[PDB]
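One chain comes next, on its own, written out as structure tokens in the form deposited without the partner chain.
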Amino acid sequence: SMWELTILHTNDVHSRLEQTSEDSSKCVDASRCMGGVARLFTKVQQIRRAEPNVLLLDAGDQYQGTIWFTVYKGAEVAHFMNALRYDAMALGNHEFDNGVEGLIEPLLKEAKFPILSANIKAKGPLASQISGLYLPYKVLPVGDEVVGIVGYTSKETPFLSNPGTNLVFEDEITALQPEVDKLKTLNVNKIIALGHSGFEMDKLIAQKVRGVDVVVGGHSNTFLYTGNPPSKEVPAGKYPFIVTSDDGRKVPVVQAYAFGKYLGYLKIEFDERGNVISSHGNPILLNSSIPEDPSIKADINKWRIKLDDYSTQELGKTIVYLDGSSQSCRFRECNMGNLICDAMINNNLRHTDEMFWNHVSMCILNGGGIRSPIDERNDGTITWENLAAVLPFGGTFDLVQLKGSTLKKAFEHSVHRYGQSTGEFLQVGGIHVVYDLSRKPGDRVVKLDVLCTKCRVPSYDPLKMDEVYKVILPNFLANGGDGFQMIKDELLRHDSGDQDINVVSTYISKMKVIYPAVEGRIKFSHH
């Protein structure tokens, strides 16, 4: 016979428990808001009532994003994922942001669904302490059939989070294969690979892991769609994306963007042996047509009260849209990058006591460190809550002494694989850079002018490779993050500075009204 399975899936929700603006930022105009767990429940329940065979799965990065996680630390994730009745979750990189303890105690011990990762192996005293709290797979009953779900997590988690020294993140394909093999031997013939490594790993898993029928992914915030997409996000492929495997099968690969804006919806048709005959669907845009569930909403409002202490005090006003979108700040000059770098520079010049850094005028900032926009409509108020979503990583803005050559290398690294929405793209201050993307990686920086320090009047002069420059940047960059190894290995001095979010709030309070522009600090040429 035929056997139909509906996979409903979310990924990279990133602490967006409440409904959001179109662009993921705080909801202001309720009529045009989107996502949030209350709306998501309504739609999930609409599908479950109409189709007998449904799994609702999460591909990780529920942790970290808003003051929801700052205050509740994963308890909100356990609680509201339980209310939605998720069948399964793959662990993501952000599930390690409060260490292993911060994963165990709030989420793994409270979740009423299996949490999965087959490539994470525990070692030392931790092995027995966490044994079973997450599994390599789970076999779930769905009607009269069983469906195997096998988990995986990005092996870049040690560089993006705090998983500690007692977890080993194995290569995904190598770890998955014996588990999918195990399940086949246990006559589990339908197998879903659920995990958090990116669209490109997902296609490889689909290609290389024999026995996997569907791949449900995350980490790259990938939007896939078939036909005319319903919002501002531009499709990266069809939904589902069809990989032709190494063993002659057609493996559908799915993802559902980010921030709870869409519920993925894939209908698979299986044969009696568990081969995929076909599949179809699309992500469902969770727009204001779908009501928020009253019960979930009311429960969100109860949890909300403790968060309102982060939104009482207006820090200041923006009269412009502060564009902290992934699609701006990882691809080109973005005015939120500018605001942050100027804030960094401005705040550092107050510390007059420390005379070495008292004329620092140059700044660099990883695009991937800017995590949300802030909207200017409705008086463009800026609260702590709004800032916390732009800067959730609790970092510092540190001061480094760098060679011109080191800095030149950083600017090449910034665009070395340009076009894949990766976070190493640098927003700046006191620096005018020009990239020519038709040139080879490592040779795309064609102009690099920085504010002089030796001069009485600051002006943008060409960077010289044997000169030394003083620069304010996140400690993440200072310690070699986003693969900026040259910064870490080659810097001449590194000083701790102030906490990132205090720096920017301090700027906003001082300025009262802000209005950062896209000024031409980062340009692209063709010559």
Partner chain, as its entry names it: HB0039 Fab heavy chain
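Numbering follows the first chain given and starts at 1.
The form solved in complex with the partner chain exists for this protein as well; it is not shown, and the discussion that follows is about that form.
*Asks:* Report yes if all three of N82, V139 and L186 come within 4.5 Å of the partner chain in the entry with it bound by some heavy atom, otherwise no.
*Replies:* Each of the three qualifies.
*Asks:* Name the stretch: of 186-194, 391-399, 408-416, 205-213, exactly one has residues whose heavy atoms fall within 4.5 Å of the partner chain in the entry with it bound.
*Replies:* Contact-bearing stretch, as computed: 186-194.
*Asks:* Is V146 near the partner chain? Define near as a heavy atom within 4.5 Å, in the entry with it bound.
*Replies:* Contact check for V146: yes, within 4.5 Å of the partner chain in the entry with it bound.
*Asks:* Can you work out whether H280 and the partner chain are in contact in the entry with it bound, taking contact to mean some heavy atom pair no more than 4.5 Å apart?
*Replies:* No, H280 is distant from the partner.
*Asks:* Can you tell me if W384 lies within 4.5 angstroms of the partner chain in the entry with it bound, counting non-hydrogen atoms only?
*Replies:* Judged by the heavy-atom cut-off of 4.5 Å, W384 is well away from the partner chain in the entry with it bound.
*Asks:* Answer yes if any heavy atom of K238 is within 4.5 Å of a heavy atom of the partner chain in the entry with it bound; otherwise answer no.
*Replies:* Outside the cut-off, so no.
*Asks:* Within 4.5 Å, heavy atoms only, which of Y310, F113, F331, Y225 is in contact with the partner chain in the entry with it bound?
*Replies:* When the partner chain is considered in the entry with it bound, the option within 4.5 Å is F113.
*Asks:* In the entry with it bound, which of the listed residues (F425, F199, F270, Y86) lies with a heavy atom within 4.5 Å of the partner chain?
*Replies:* Of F425, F199, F270, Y86, the residue with a heavy atom within 4.5 Å of the partner chain in the entry with it bound is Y86.
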